[PDB]
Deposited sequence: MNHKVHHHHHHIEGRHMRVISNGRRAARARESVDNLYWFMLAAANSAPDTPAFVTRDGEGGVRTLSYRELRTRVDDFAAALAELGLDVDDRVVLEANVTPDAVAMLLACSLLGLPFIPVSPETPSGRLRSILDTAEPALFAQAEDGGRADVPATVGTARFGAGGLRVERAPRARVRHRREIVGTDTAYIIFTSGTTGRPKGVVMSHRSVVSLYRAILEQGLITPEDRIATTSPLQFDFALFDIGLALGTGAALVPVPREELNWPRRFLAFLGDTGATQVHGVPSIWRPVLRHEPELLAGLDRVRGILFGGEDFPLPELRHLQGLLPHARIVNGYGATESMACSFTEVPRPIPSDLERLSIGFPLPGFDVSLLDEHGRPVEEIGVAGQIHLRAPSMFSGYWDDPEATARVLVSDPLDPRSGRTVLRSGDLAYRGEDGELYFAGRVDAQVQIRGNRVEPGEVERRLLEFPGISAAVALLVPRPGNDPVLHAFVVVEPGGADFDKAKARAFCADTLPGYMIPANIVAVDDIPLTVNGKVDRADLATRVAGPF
């Protein structure tokens, strides 16, 4: 009685499980005692979860909150939801109770599902509850009764909604279009094992999962408790035979600081992919020199299109390079840089706001048509057609070869001088004893460093940097704090 997506219609289920046919006994997951789960065994688990979910009587478009990190069972659940046209809302179990309640209030999901050993204890009676594990999907409280109205699942149906409360609605057509565009780049092969570090609630995790499974490669989910300690992290990558390591730049900071010798021993690592924020070039040059046979790729873009561009870093990174390129949009993507007059920037080295034409565009912000209209805007180069672009909120400029360079959030840019915090941080990272450095503007410029004479550090900055870029104050901190998704927590540093 439940609708199911047809094989010919864009849908995560069919996209990620195609290798169960062409290579059933190849590994889809490697986990640690190292264990593998084949494509065939993954599809079996998806199909068993989907049979159980289909019993609950949910209509296509009914929302399922999936509280999990990246595991074989969580990926089996999101693929079962996919097949049934039930958009999933991934939430990491580290999400505070109040923030989850805020998501439940706005999203009004039919069902909340967590792992058998999950610890969420406080979900409202209107929301159904279930636990998933080895033993199948187990309903605790059934979702409320309803009538199904949707006969057939389409490509524009919602695959997932990313909540940060801002909810980015992605369609199956959009996410599959991003996977097809990156598969065309041959980043990885079926013999790769992709170590993924991002929380499931971050679309960088959903990118890694669909890249690996769509290619017929293996996914090696790195638990947060392994990632947080440098020798433990390196032993996990070695034991699992990871060939590719994906994550935000911060995943390398402890290893580079405490264990560079053991990092250099990861002889099977063929590639590193980072995204979500700038990689400090002194840290990136350190990593590149420890692993000379790992290709490093810089991934750029936003939840609103999943991503935009994937750009191999130069080998070696020029010692005087100020900014890595974010390259050229993927095939089928296009960028216009518009100035503050709404007009195209063609001039080399002049920043404008990225307006993106993408086949992977979000459907809209959940219950926020006004926010949608400010971001998905009429194409400024073709305003009479009805075609929309993503007004990205990002600045960038082009080089002599048409390649892009990211230039910060439009809304987050001293003495009539634009500060480049990356330039301040670069010069402090080059000061003897400084391991890490983050600069921020309260406008007053403070730097936080992981190690000390502040006065010697200021004069060292003043040797190369203009007056407006010299930090007013330099504060020693034990750690650079991170957001749940692994980005620099500048709001936390502002508090001290």
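In this chain the deposited sequence has gaps in the coordinates at 1-24, 57-60, 193-198, 448-449, 479-484, 494-499, 545-549, listed in sequence order.
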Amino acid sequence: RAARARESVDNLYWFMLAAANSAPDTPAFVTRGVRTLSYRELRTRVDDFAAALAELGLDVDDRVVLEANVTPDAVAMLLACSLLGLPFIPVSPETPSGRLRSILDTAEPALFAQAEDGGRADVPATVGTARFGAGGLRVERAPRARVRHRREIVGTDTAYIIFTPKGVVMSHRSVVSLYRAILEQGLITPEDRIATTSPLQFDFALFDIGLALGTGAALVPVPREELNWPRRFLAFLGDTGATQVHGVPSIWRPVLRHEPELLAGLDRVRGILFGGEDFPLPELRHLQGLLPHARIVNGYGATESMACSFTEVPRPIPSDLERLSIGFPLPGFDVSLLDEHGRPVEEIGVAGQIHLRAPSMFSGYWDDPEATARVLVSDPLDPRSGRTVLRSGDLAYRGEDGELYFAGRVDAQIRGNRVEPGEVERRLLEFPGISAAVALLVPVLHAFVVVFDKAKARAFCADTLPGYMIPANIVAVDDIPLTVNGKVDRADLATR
From here on, numbers count along this sequence of modelled residues.
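Between 98-106 and 249-257, the higher mean Cα B-factor belongs to 98-106.
The PDB entry records a higher mean C-alpha B factor for 342-350 than for its counterpart among 342-350 and 285-293. Considering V313, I153, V123, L234 together, the PDB entry gives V123 the largest C-alpha B factor. Each of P318, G408, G136, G167 has a CA temperature factor in the record; the biggest one is found at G136. Sort the chain's modelled residues by C-alpha temperature factor and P481 lands in the middle third, per the entry. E425: CA B factor lies in the middle third for its chain, per the PDB record. In the deposited entry, the Cα temperature factor of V9 sits in the bottom third of values across the chain's modelled residues.
In this PDB entry, the Cα temperature factor of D239 sits in the middle third of its chain's modelled residues. The PDB entry assigns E191 a C-alpha temperature factor belonging to the highest third of its chain's modelled residues.
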